[PDB]
Amino acid sequence: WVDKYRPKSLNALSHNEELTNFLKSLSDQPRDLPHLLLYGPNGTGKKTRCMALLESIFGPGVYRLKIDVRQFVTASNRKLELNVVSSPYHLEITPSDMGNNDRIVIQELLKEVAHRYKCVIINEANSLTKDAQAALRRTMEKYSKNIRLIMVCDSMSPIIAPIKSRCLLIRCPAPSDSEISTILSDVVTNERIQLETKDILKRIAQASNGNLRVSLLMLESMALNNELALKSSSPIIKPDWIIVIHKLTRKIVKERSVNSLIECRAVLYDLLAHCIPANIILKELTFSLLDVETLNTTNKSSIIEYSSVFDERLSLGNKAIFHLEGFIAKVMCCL
Amino acid sequence: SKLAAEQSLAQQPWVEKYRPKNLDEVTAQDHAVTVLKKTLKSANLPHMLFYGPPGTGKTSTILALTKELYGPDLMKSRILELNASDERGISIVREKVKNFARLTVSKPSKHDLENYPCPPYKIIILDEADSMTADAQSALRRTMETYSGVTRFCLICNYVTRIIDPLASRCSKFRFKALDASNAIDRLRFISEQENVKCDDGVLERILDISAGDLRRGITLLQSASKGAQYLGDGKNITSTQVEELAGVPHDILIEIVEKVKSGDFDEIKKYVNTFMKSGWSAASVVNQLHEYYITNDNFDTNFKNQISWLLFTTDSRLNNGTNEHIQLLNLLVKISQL
Amino acid sequence: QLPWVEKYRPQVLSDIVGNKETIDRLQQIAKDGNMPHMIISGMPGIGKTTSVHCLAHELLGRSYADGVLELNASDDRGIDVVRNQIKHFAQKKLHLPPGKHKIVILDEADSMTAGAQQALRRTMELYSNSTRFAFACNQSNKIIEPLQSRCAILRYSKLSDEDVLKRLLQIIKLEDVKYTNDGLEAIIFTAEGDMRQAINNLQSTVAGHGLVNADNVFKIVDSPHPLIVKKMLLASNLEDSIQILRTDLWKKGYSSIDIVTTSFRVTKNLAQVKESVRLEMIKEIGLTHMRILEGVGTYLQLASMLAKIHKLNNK
Amino acid sequence: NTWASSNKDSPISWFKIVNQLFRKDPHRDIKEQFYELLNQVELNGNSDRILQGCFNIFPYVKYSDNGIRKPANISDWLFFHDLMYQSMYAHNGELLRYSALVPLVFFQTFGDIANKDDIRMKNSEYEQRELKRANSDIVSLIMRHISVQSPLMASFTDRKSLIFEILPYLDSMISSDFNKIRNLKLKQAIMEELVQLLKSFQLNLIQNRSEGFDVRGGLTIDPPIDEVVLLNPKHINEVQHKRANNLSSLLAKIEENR
Amino acid sequence: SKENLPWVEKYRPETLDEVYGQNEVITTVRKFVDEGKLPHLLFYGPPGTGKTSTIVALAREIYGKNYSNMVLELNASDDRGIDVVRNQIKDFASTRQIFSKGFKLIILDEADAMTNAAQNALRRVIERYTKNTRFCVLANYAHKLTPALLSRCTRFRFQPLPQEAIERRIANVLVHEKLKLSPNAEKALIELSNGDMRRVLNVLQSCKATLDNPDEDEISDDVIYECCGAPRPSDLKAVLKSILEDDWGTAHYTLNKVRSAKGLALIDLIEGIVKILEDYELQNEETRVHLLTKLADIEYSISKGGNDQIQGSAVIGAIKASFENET
Ligand SMILES: Nc1ncnc2c1ncn2[C@@H]1O[C@H](COP(=O)(O)OP(=O)(O)OP(O)(O)=S)[C@@H](O)[C@H]1O
Ligand SMILES: Nc1ncnc2c1ncn2[C@@H]1O[C@H](COP(=O)(O)OP(=O)(O)OP(O)(O)=S)[C@@H](O)[C@H]1O
Ligand SMILES: Nc1ncnc2c1ncn2[C@@H]1O[C@H](COP(=O)(O)OP(=O)(O)OP(O)(O)=S)[C@@H](O)[C@H]1O
Ligand SMILES: Nc1ncnc2c1ncn2[C@@H]1O[C@H](COP(=O)(O)OP(=O)(O)O)[C@@H](O)[C@H]1O
Ligand SMILES: [Mg+2]
Ligand SMILES: [Mg+2]
Ligand SMILES: [Mg+2]
């Protein structure tokens, strides 16, 4: 499991040695530490490295944390309920758990909270609205001797320039396939898995695209199908939704009509109803449609253009299927 | 007293450690500080409106001016500083600002008049005036027009358009220029020598080149490079590559993208984009670097340049809406590869 | 002199050219009696206050003075007033015909506080056999559901072109005014289902120029120059439309919002061009309106809208 | 047959307007039909419901088809309507006048003489919204359970990663056929790891004894991960039969550990 | 002393003969007051047209020098609610004057910020007390006033100041001050005013301050353009010329140095180039269509942020590709 085997310190990290050394350098003198922003691909291990850095700045009790609740009152009598992850040395807030009320929680909670300082971990800073980021802009500078921010995000694109300047930027590159394979080797020798040939582990990396969280989860999911004994041709158990998307692309390239558009809409509804975001659906659908060797460059260019257009539409809209079906119809018209 | 302040400055980041304390520390904004120094001997300081890019030194300039005017004793008694972290509605502007303006100037001490000019007026500064609503701004009109004998108003903003036209007409407009390599290389070299920052020949000028008219970001990048070079302890000099690595920019990876765009089909470009998106880079920075390279390089046709400019504009406009960076970057590279 | 809205204010339910169904309902109620508690909601200037006034007058005859209690938003209508004065009026003894009841007219009921509205429930429930309540508001949602549960709900709608045209023709016949078809059309167009605003604009145009013509109406009540907007959109060359927009609309002080909105109306109601080109022009006009609503309203946006409309018309 | 008084005072059921938007009369001018339909859409004030009706009906309507582009042009309008509808909550409702134009694009594009039969309709969106709410509430409860037990897991789990990556694998692990495993020691070790995973996610095995006289009270997982993960109706039946035998073995092991 | 007030306040008209630009409404109001029939007035118009000055001079002509006591002047700065109406306005309308005998005047300046309940309560105050008092409502937007309140008053639309009246006021100011103005400078000043006397007075004071001399010289176009701010016409035309004729890299360098030497904004340059190219007599309207569309798209993108360099290159490429069709 991902959680059973996870590093708890900086000396327990097993990839990106230069990043571990940079973190040790940054934690050598912990009091004169500026705000930090960890950015990189999703599933690299930045949330583990931030906790490992806190374990170097403070005692080992940083992992012994508790979940509490705090209530807020907006301009109306709608009560905002937000759970907080707190520790005797730091606290974690995730403003991605609500709508446009991120600014209120951010400003009020950070003002109440504001070695000698208490660390703050802002999870998924990309969901922070521009107004909440503007509110945090001056809170980052006014209280710099009591509150230090460690913002974990996957892309600095939606982060405003003032916030980018107000904190150090630390990039976390995805681990190489070799390091992923070495980690999976230790995991399968500790979990007592049976490997007929080691190269399968490499293939797992080649199916994860640098994601360690996805790699270990897929390894464990396919270890339950092979009954704790992975063979030489164990089927990479691509998440059910990936198989559904692949079948959808097969249906797209096979038949281009309105009767097939109805069943495409039905598949989109069944995918959206099971807690699957539409942006990821569109991304996977487009990327796996470009992989279709039956199409040519003229078709793939139009497909990527329509996918960008409808991605903008979906980012500007709320009825996601209204854009997904339109993109599917435009792709059908292109082919 | 003063020694505690010196130690706190020495244990402070370089942005606040080297904040200009006098009007002479301003390196590039000379046109404004010349007038500010001339009016320091006179007593006809008009209402001022500082505007320009962020990190040009507006707040530092006004702080240094107020210091040189009032001394460290009257610095806390004849100044009303209102930032964006405070409430600045109509009620606040009508009650607090107007009560402070209507009040008389505090009496200077015997030590104040001997060293400082001590003008007969006080200063009310409003930092980040972009967040002020237009009605609360119009409320300040007669407040600053009738009580000008006892108080002077200093507005500070980044976008001069956010301030109403009457207020922009009542105040003298001071535009702070972007701090590029030319007019800030002296300040950057001074900061580097004061901190023993051993770098190469074209590092500092490069840093400001990445800053794009922002001395604060340049000083932060210099501090980060100095920390990264002191942790290693190799005793070598900081390189431009090491600076542009931590600044969010490498040149070789961009040249690889140019080669894949020039020569290559849809499949190779898609594969290289999928590989490049594994290493975390902001798509906005990649688009900006591609734009700089394509527009600056004198090896492409003008017909190609119009199309590359329009495509980069469309890609930036689409990325400014929260779209997926991978899809937009792939679409941009594919569209510019067909050219 | 008295304005035409007040002078020609209807005093009988037949003179109301509003919603025919509710008007005949109230007429039959006044004819038979037994008026129930009612709440009349709608938009300003469609005949809500006049309707309830006419109903109360016709239902009470000469006893209107001592049987009708009028309370507007200009008077205190808090918890204390509902507790003392409304209750004293409802408990007041009055000999009325065996088909009439005391009427409590409450104008602008959407402005009463929650406490007064809550106290009015039992006040109207215990004296529902000798006192009746008629509320006149613009938003029925502002009145609590318990109060709405004890009364009828009459939702008044906008006045169609025919009704306002008929009322204006009646007023012109009663006043001997010189008019023309295009002038009345422009008046009704600028009224937007508002009968009071229509009569006010008519009286203002009469007292300012004497002749009710579209030019005068678009002059004394100048706002966006619709006919001018139509001539701008129907231009054949881009430079002519640009010069029209610059001189007639932009150089005279017409706001961009009025220009684009008047533009939308002209297009929707256009008949010279086909349906598809009209829909494309509305789409361009719609996008321009969206951009302006975001604060990007300038002359360049309207110029680009006209350019896109011409490109659509450019086959 | 009562409808005369309705023609006299009642408008056009939004459903009747949707069926009229797909009909073209060959005997009337297309412009007169368009203005009549515009007035009916405007008088109804419910442009959104009419459009949702048009969106549900258009795939079942007969329309001369060349390459199903007509649907591509209409996705751009529908996207324009969604932007307009979002802006109605942010801005004073001046934009409401353009809402009646989007339904009329269906009359222009898909209106045909072939569409003589009334297509009945339903509200899949309210059911999908209530289902999405229920699934989001289940996921929010699982995320809270992880936050209380797994101190570190909660820092790496986004709501999307939990739905698409973690829950499908967790369910595949619970639904795996333990009857194929001949090695009792390996079966016991896997069952101990699965009991540890059920504990980390706070997944309770409830004996649903809501069975009328039929001697097998089915074991169910609380919260029901099955409703979030199992999109395919064919896989639901296969997984339910396999899970019933696994969950009884897992319950016996949880009781042994208790 | 009046020498301390700004030029906008110092030159405020005190009599109805000093209000230029508005002639059809000024004469009508003078006739209303001389003949006696003064109805409820509604002065609707843009800012800086002279509505407040007009009504102040009118009240001065009506009541004399004691205007500040016989007139009830309420504005947005004062609390104007429904209770404020009920008490103050009704007590003022129902009672009579304490200084003389005659009708009263209630000047509701900037009444477009009043609450709907306040207007609903006032619309019956105007109709009830109409034999001893009058009402004057000043507005910039006629959509914030209820139609009932809008129908009880006679509407007067204050048109923007034309060329003749604004030049007359400029000549009056140049007579009152030891200042000279060039004819072309005066024309450029009238061009950047849009009928707003406040802007003209403010920039006139500012360019007099810019003179740096004892005012023995004249004020030319250069002074106005350098003082009023905004990309000077010189730099504007230089950038346009370098875009239209010079090379891509040279055009980029010119735009960069122009926008960085004076700290100019890209949106101001865009609007200036749009205004300049409007006079260009061009070929087939396709170039104009492309130019307007691309420039409006770039302006809408700038209105939301982004990369200034990318947007500048986009402007250059859009103008170039639009003009490439003219050949
Ligand atoms: N002209 C300058 N000379 C020297 N240092 C400068 C100059 N401009 C900026 N700095 C440095 O940058 C820091 C920030 O200065 P500020 O005055 O806050 O910048 P800014 O113009 O206010 O940007 P804002 O607040 O985002 S609009 C100062 O403390 C200095 O260290
Ligand atoms: N149906 C109608 N027939 C004739 N005149 C009408 C009609 N509706 C309105 N009017 C005129 O408009 C004036 C005012 O009408 P009101 O009933 O006060 O408006 P309203 O519908 O009550 O909307 P309010 O009062 O702003 S909420 C009347 O005095 C008439 O002159
Ligand atoms: N017609 C005019 N003739 C002469 N000076 C004028 C004229 N209009 C405006 N001014 C000048 O502009 C100043 C301001 O005029 P105001 O009447 O306050 O503007 P306004 O028309 O009331 O618009 P507001 O107050 O923004 S709603 C006056 O004091 C004069 O100096
Ligand atoms: N140093 C490390 N050595 C081995 N595995 C690691 C290391 N750091 C993280 N991992 C594991 O790799 C995966 C990374 O995914 P995740 O922890 O979600 O990333 P993040 O910390 O960025 O949220 C997890 O299974 C995590 O426990
Ligand atoms: Mg500042
Ligand atoms: Mg009424
Ligand atoms: Mg005024």
# chains A, B, ... in the order shown; residues from 1 in each chain; ligands from 1
$ residues_near_ligand --ligand "ligand 4" --cutoff "7 Å" --atoms "only C-alpha atoms and all ligand atoms" --output "tab-separated table (two decimals) with N, CA and C atoms, in the first residue's frame"
chain	number	residue	atom	x	y	z
A	2	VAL	N	0.32	2.35	-0.53
A	2	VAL	CA	1.06	3.61	-0.60
A	2	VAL	C	1.38	4.12	0.80
A	3	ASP	N	0.43	3.98	1.73
A	3	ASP	CA	0.58	4.59	3.05
A	3	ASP	C	1.45	3.74	3.97
A	5	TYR	N	4.18	2.12	3.30
A	5	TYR	CA	5.59	2.34	3.00
A	5	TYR	C	5.75	3.76	2.46
A	6	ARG	N	5.96	4.71	3.37
A	6	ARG	CA	6.15	6.10	3.02
A	6	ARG	C	7.25	6.71	3.89
A	7	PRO	N	8.17	7.45	3.29
A	7	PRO	CA	9.25	8.06	4.08
A	7	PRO	C	8.71	9.08	5.07
A	12	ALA	N	15.08	9.38	4.61
A	12	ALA	CA	14.31	8.23	4.15
A	12	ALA	C	13.84	8.38	2.71
A	13	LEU	N	14.16	9.50	2.06
A	13	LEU	CA	13.81	9.68	0.67
A	13	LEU	C	14.71	8.83	-0.23
A	14	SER	N	14.16	8.39	-1.36
A	14	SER	CA	14.82	7.40	-2.20
A	14	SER	C	14.86	7.83	-3.66
A	15	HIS	N	14.65	9.11	-3.94
A	15	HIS	CA	14.74	9.63	-5.30
A	15	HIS	C	14.91	11.14	-5.23
A	42	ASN	N	1.60	15.89	-10.47
A	42	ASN	CA	0.77	15.31	-9.43
A	42	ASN	C	1.16	13.85	-9.24
A	43	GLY	N	1.46	13.48	-7.99
A	43	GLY	CA	1.90	12.14	-7.67
A	43	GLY	C	3.40	11.96	-7.57
A	44	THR	N	4.17	13.05	-7.52
A	44	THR	CA	5.62	12.96	-7.44
A	44	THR	C	6.11	12.69	-6.03
A	45	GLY	N	5.45	13.23	-5.01
A	45	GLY	CA	5.88	13.05	-3.64
A	45	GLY	C	6.27	14.34	-2.96
A	46	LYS	N	5.64	15.45	-3.36
A	46	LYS	CA	5.92	16.74	-2.76
A	46	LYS	C	5.25	16.89	-1.40
A	47	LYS	N	4.06	16.32	-1.23
A	47	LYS	CA	3.39	16.36	0.07
A	47	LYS	C	4.11	15.52	1.11
A	48	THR	N	4.80	14.46	0.69
A	48	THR	CA	5.63	13.70	1.62
A	48	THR	C	6.90	14.46	1.96
A	49	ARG	N	7.50	15.12	0.97
A	49	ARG	CA	8.72	15.88	1.20
A	49	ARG	C	8.49	17.11	2.08
A	183	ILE	N	11.79	1.21	-6.22
A	183	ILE	CA	10.84	1.33	-5.11
A	183	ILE	C	9.84	0.18	-5.14
A	211	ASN	N	4.15	8.95	-12.12
A	211	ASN	CA	3.34	8.97	-10.91
A	211	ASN	C	3.68	7.78	-10.02
A	212	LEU	N	4.16	8.06	-8.81
A	212	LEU	CA	4.42	7.00	-7.85
A	212	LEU	C	3.15	6.57	-7.12
A	213	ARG	N	2.29	7.54	-6.78
A	213	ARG	CA	1.02	7.23	-6.14
A	213	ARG	C	0.17	6.32	-7.02
A	216	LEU	N	2.17	2.60	-7.36
A	216	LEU	CA	2.00	1.66	-6.25
A	216	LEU	C	0.57	1.15	-6.17
D	155	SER	N	-3.12	14.12	3.19
D	155	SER	CA	-2.34	15.16	2.51
D	155	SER	C	-2.11	14.89	1.03
D	156	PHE	N	-2.09	13.63	0.60
D	156	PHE	CA	-1.83	13.24	-0.80
D	156	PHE	C	-3.10	12.94	-1.59
D	157	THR	N	-4.25	12.84	-0.93
D	157	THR	CA	-5.51	12.48	-1.58
D	157	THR	C	-6.32	13.71	-1.97
$ residues_around --residues "residue 72 (chain E)" --least-positions-apart "2" --cutoff "9 Å" --atoms "only C-alpha atoms" --output "number ranges by chain"
E: 68-70, 74, 89, 92, 104-108
$ write_last_selection --atoms "C-alpha atoms" --output "PDB file, in the first residue's frame"
ATOM      1  CA  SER E  68     -27.853  78.880   1.827  1.00  0.00           C
ATOM      2  CA  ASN E  69     -30.766  79.248   4.285  1.00  0.00           C
ATOM      3  CA  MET E  70     -33.961  79.234   2.183  1.00  0.00           C
ATOM      4  CA  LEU E  74     -29.467  67.111   0.085  1.00  0.00           C
ATOM      5  CA  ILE E  89     -38.242  66.611   3.686  1.00  0.00           C
ATOM      6  CA  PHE E  92     -39.422  71.285   5.239  1.00  0.00           C
ATOM      7  CA  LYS E 104     -39.304  76.648  -1.029  1.00  0.00           C
ATOM      8  CA  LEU E 105     -36.671  74.726  -2.984  1.00  0.00           C
ATOM      9  CA  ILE E 106     -35.435  71.192  -2.283  1.00  0.00           C
ATOM     10  CA  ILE E 107     -32.325  70.327  -4.308  1.00  0.00           C
ATOM     11  CA  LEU E 108     -31.852  66.542  -4.288  1.00  0.00           C
TER      12      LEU E 108
END
$ residues_around --residues "residue 267 (chain C)" --least-positions-apart "3" --cutoff "8 Å" --atoms "only C-alpha atoms" --output "ChimeraX atom specification"
/C:230,263-264,270,278,281-282
$ write_last_selection --atoms "N, CA and C atoms" --output "PDB file, in the first residue's frame"
ATOM      1  N   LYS C 230     -31.214  51.415 -36.445  1.00  0.00           N
ATOM      2  CA  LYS C 230     -31.606  50.593 -37.583  1.00  0.00           C
ATOM      3  C   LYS C 230     -30.895  51.037 -38.853  1.00  0.00           C
ATOM      4  N   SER C 263     -29.534  48.099 -30.089  1.00  0.00           N
ATOM      5  CA  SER C 263     -29.115  47.345 -31.293  1.00  0.00           C
ATOM      6  C   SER C 263     -29.774  45.966 -31.272  1.00  0.00           C
ATOM      7  N   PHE C 264     -29.673  45.281 -30.138  1.00  0.00           N
ATOM      8  CA  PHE C 264     -30.332  43.963 -30.017  1.00  0.00           C
ATOM      9  C   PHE C 264     -31.810  44.106 -30.354  1.00  0.00           C
ATOM     10  N   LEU C 270     -36.194  43.010 -36.561  1.00  0.00           N
ATOM     11  CA  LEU C 270     -35.929  43.311 -37.961  1.00  0.00           C
ATOM     12  C   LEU C 270     -36.666  42.337 -38.873  1.00  0.00           C
ATOM     13  N   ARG C 278     -30.038  37.281 -39.392  1.00  0.00           N
ATOM     14  CA  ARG C 278     -30.492  37.972 -38.189  1.00  0.00           C
ATOM     15  C   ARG C 278     -29.984  37.286 -36.930  1.00  0.00           C
ATOM     16  N   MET C 281     -26.287  38.081 -36.588  1.00  0.00           N
ATOM     17  CA  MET C 281     -26.099  39.448 -36.111  1.00  0.00           C
ATOM     18  C   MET C 281     -26.441  39.563 -34.630  1.00  0.00           C
ATOM     19  N   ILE C 282     -27.492  38.866 -34.188  1.00  0.00           N
ATOM     20  CA  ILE C 282     -27.837  38.860 -32.771  1.00  0.00           C
ATOM     21  C   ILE C 282     -26.736  38.196 -31.954  1.00  0.00           C
TER      22      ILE C 282
END
$ closest_atom_pairs --of "chain E" --to "ligand 2" --cutoff "12 Å" --atoms "only C-alpha atoms and all ligand atoms" --output "Markdown table"
| residue | atom | partner | partner_atom_place_in_ligand_line | distance |
| --- | --- | --- | --- | --- |
| E:116 | CA | ligand 2 | 26 (O) | 10.6 |
| E:117 | CA | ligand 2 | 27 (S) | 11.2 |
| E:119 | CA | ligand 2 | 26 (O) | 10.9 |
| E:120 | CA | ligand 2 | 26 (O) | 8.5 |
| E:121 | CA | ligand 2 | 25 (O) | 11.7 |
| E:123 | CA | ligand 2 | 26 (O) | 10.6 |
| E:124 | CA | ligand 2 | 18 (O) | 11.5 |
| E:145 | CA | ligand 2 | 26 (O) | 11.5 |
| E:146 | CA | ligand 2 | 26 (O) | 7.7 |
| E:147 | CA | ligand 2 | 26 (O) | 7.3 |
| E:148 | CA | ligand 2 | 26 (O) | 6.3 |
| E:149 | CA | ligand 2 | 26 (O) | 9.4 |
| E:150 | CA | ligand 2 | 26 (O) | 11.1 |
| E:151 | CA | ligand 2 | 13 (C) | 9.9 |
| E:152 | CA | ligand 2 | 14 (C) | 11.3 |
$ residues_around --residues "residue 280 (chain C)" --least-positions-apart "6" --cutoff "12 Å" --atoms "only C-alpha atoms" --output "PDB file with C-alpha atoms, in the first residue's frame"
ATOM      1  CA  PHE C 264     -30.332  43.963 -30.017  1.00  0.00           C
ATOM      2  CA  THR C 267     -32.240  43.247 -34.834  1.00  0.00           C
ATOM      3  CA  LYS C 268     -34.731  40.972 -33.021  1.00  0.00           C
ATOM      4  CA  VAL C 273     -33.069  40.388 -43.853  1.00  0.00           C
ATOM      5  CA  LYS C 274     -33.438  36.634 -43.458  1.00  0.00           C
ATOM      6  CA  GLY C 286     -24.909  39.334 -27.870  1.00  0.00           C
ATOM      7  CA  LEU C 287     -21.127  38.744 -27.572  1.00  0.00           C
ATOM      8  CA  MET C 305     -19.405  44.181 -33.650  1.00  0.00           C
ATOM      9  CA  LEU C 306     -20.397  46.160 -36.746  1.00  0.00           C
ATOM     10  CA  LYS C 308     -18.448  41.165 -37.709  1.00  0.00           C
ATOM     11  CA  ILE C 309     -22.063  41.856 -38.704  1.00  0.00           C
ATOM     12  CA  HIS C 310     -20.870  43.158 -42.078  1.00  0.00           C
ATOM     13  CA  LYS C 311     -18.591  40.134 -42.503  1.00  0.00           C
ATOM     14  CA  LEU C 312     -21.613  37.907 -41.877  1.00  0.00           C
ATOM     15  CA  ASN C 313     -23.536  39.957 -44.443  1.00  0.00           C
ATOM     16  CA  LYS C 315     -21.643  36.178 -47.735  1.00  0.00           C
TER      17      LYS C 315
ATOM     18  CA  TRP D  77     -24.633  27.855 -28.871  1.00  0.00           C
ATOM     19  CA  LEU D 101     -32.491  33.253 -29.136  1.00  0.00           C
ATOM     20  CA  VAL D 102     -30.663  29.974 -28.267  1.00  0.00           C
ATOM     21  CA  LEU D 104     -34.649  29.351 -31.848  1.00  0.00           C
ATOM     22  CA  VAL D 105     -31.312  28.089 -33.263  1.00  0.00           C
ATOM     23  CA  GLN D 108     -33.386  26.893 -37.743  1.00  0.00           C
TER      24      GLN D 108
END
$ closest_atom_pairs --of "chain A" --to "ligand 1" --cutoff "12 Å" --atoms "only C-alpha atoms and all ligand atoms" --output "Markdown table"
| residue | atom | partner | partner_atom_place_in_ligand_line | distance |
| --- | --- | --- | --- | --- |
| A:134 | CA | ligand 1 | 26 (O) | 11.6 |
| A:137 | CA | ligand 1 | 26 (O) | 9.9 |
| A:138 | CA | ligand 1 | 25 (O) | 10.0 |
| A:141 | CA | ligand 1 | 18 (O) | 11.0 |
| A:161 | CA | ligand 1 | 26 (O) | 9.9 |
| A:162 | CA | ligand 1 | 26 (O) | 7.3 |
| A:163 | CA | ligand 1 | 26 (O) | 10.6 |
| A:165 | CA | ligand 1 | 26 (O) | 9.8 |
| A:166 | CA | ligand 1 | 26 (O) | 10.3 |
$ atom_distance --atom1 "CA of residue 204 (chain A)" --atom2 "CA of residue 236 (chain D)"
27.5 Å
$ residues_near_ligand --ligand "ligand 3" --cutoff "7 Å" --atoms "only C-alpha atoms and all ligand atoms" --output "NGL selection string"
:E and (7-13 or 18-22 or 45-54 or 110 or 138-140 or 161 or 169 or 196-198)
$ decode --residues "region 167-179 of chain B" --atoms "C-alpha atoms" --output "PDB file, in the first residue's frame"
ATOM      1  CA  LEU B 167      -8.263  62.277  -8.260  1.00  0.00           C
ATOM      2  CA  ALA B 168      -5.669  61.715 -10.986  1.00  0.00           C
ATOM      3  CA  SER B 169      -6.053  65.389 -11.933  1.00  0.00           C
ATOM      4  CA  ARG B 170      -5.755  66.673  -8.356  1.00  0.00           C
ATOM      5  CA  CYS B 171      -2.498  64.791  -7.724  1.00  0.00           C
ATOM      6  CA  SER B 172       0.817  65.131  -9.528  1.00  0.00           C
ATOM      7  CA  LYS B 173       1.357  61.943 -11.536  1.00  0.00           C
ATOM      8  CA  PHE B 174       4.725  60.267 -10.930  1.00  0.00           C
ATOM      9  CA  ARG B 175       5.354  57.315 -13.242  1.00  0.00           C
ATOM     10  CA  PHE B 176       7.954  54.852 -11.972  1.00  0.00           C
ATOM     11  CA  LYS B 177       9.910  53.244 -14.804  1.00  0.00           C
ATOM     12  CA  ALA B 178      10.667  49.547 -15.131  1.00  0.00           C
ATOM     13  CA  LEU B 179      14.043  48.591 -13.653  1.00  0.00           C
TER      14      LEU B 179
END
